[PDB]
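Q:
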Amino acid sequence: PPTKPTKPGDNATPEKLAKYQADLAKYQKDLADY
Numbered sequence: 001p002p003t004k005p006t007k008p009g010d011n012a013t014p015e016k017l018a019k020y021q022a023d024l025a026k027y028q029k030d031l032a033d034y
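1 is the number of the first residue of the sequence shown in the deposited numbering; add one for each residue after it.
This is how it looks when you write it as structure tokens:
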């Protein structure tokens with residue numbers, strides 16, 4: 001099972017949240033593959 005993003009997705013800068021969104025995007029992809 002894909003590793004769930006440990007990065008802050010609640011309280012973080014918009015830029016850093018975007019990075020979280022990119023990771024979460026990867027997670028969704030790998031999750032779908034799972």
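All C-beta atoms in this analysis are idealised placements derived from N, C-alpha and C, irrespective of residue type, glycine included.
Suppose the cutoff is 7 Å on Cβ atoms and the five residues either side in sequence are ignored; what does the same chain contact list for residue 2 look like?
A: 27, 30, 31 and 34
Q: According to DSSP, is residue 23 part of a helix, a strand, or is it coil?
A: helix
Q: Roughly how many angstroms separate the alpha carbons of residue 21 and residue 11, rounded to a whole number?
A: Taking the straight line joining both Cα atoms gives about 13 Å.
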